[PDB]
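Just the one chain here, the form deposited in one PDB entry, laid out as structure tokens.
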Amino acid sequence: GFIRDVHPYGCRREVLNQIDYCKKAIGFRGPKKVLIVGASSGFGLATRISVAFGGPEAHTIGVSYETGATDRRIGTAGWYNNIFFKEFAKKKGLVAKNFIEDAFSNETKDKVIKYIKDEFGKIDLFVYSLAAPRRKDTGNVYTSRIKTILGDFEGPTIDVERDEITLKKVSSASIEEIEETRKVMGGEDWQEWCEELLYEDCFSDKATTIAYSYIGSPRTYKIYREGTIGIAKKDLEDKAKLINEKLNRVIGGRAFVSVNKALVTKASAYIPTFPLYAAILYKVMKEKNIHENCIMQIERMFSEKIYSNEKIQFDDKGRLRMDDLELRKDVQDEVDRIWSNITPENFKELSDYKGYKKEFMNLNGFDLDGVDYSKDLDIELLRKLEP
């Protein structure tokens, strides 16, 4: 029998690589009691590692939805990340709790809050960053769709299995899809978490909460500012204000949206035009030593913009812009320069495809220096592993 999409110890190592980046950094202080929804991967994971080993030596509750190994299956990356982060966190004497539940349901929130007042203590930083393809409740099921609102979006995607470009297309969304996508990817559940945490008295005074977005360049506005994702994110952005206002009154805190930069996801892999833009961008930004990955993105966000000596610099919209380096004039030009020369035949050498692909396999624990791949694994060893 063979591994599939996830390597369990490549996952250990990847978490560890991000921990080691954090341990070595200039270090910051601020949060001590931290709640993350969507803690098992991407920014949730990086945020969790950045607050635990960034030097705040903070305690964390991760909410995430993942499954593990049975005698037949191997389980998800996020599942293993949760386990290894616990392991490495307890070894440092920090609390890492794991609720592996549906975050959208009330009986989950009640589990979480119940846990906070009883054992954990007042949360000082709340990060909401779950990306689900679907939601529940009531008893209805809403599905998230990546679509336009008018016309078509076609552009190149990257087939990492076959190292080639494929032109893929995205059509227009029905009114209800526009609406299901807003229930999933908008800031409603965020808002409801926030409120229930506030009134059940779980926010430390001046406490902070973020949610994460993406804006992109004009090339992708049809999708990210105009489409079903853009409408979901403009809703999220809107709820940011309605919470900033509240927590500022009741407990003197703040809420806001952080606009992250272009990163390689699985879910970003089959949106048109973005895989290729990001691979180009990766090159551009590497030949300017300003490329950042997920953990550098978050480290920088905390130790320079949120929890630094200086005062917090917001955009003209109440949004923290961590895509500031991505959207710099010189950088965008160079992408637009390279874009017009890219072909299905030469793309591998005009964009940082290598790095783009490396970063894909790494999410899943593949292609990592520090791991023995030809080695075999034991299924009974992975199942006994618990969060």
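C-alpha atoms forming the largest set that superposes within 1.5 Å between two forms make up the rigid core. Residues that one form lacks are left out of the comparison. So that there is no doubt, residue numbering starts at 1 and follows the sequence shown.
- In terms of unmodelled positions of the deposited sequence, the stretch from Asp137 to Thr138 in this entry skips 1 to 3 residues.
- The PDB entry records a higher mean C-alpha B factor for 368-376 than for its counterpart among 368-376 and 19-27.
- When 44-52 is weighed against 314-322, 314-322 comes out higher, by mean CA B-factor as recorded in the entry.
- Across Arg219, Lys286, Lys122, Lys233, the greatest Cα temperature factor reported in the deposited entry is at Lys122.
- Comparing C-alpha B-factors across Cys294, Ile223, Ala77, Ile116 in the deposited entry, the largest value falls on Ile116.
- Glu176: CA B factor in the lowest third of modelled residues in this chain (values from the PDB entry).
- Ranked within its chain, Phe274 lands in the lowest third, by CA B factor from the PDB record.
- In the deposited entry, the Cα temperature factor of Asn309 places it in the highest third of its chain's modelled residues.
- Per the PDB record, residue ranking by Cα B-factor puts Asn362 in the lowest third of the chain.
- Among all modelled residues in this chain, the alpha-carbon of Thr157 has a temperature factor (C-alpha) in the middle third.
Below: the form deposited in another entry, not depicted.
- Here the rigid core is superposed between the shown form and the other one, and of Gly230, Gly75, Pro272, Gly186 the C-alpha of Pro272 is the only one to shift by 2 Å or more.
- Core-superposed comparison between the shown form and the other one: runs of at least three consecutive shared residues with Cα shifts of 2 Å or more are located at 1-5, 70-73, 223-225, 265-274.
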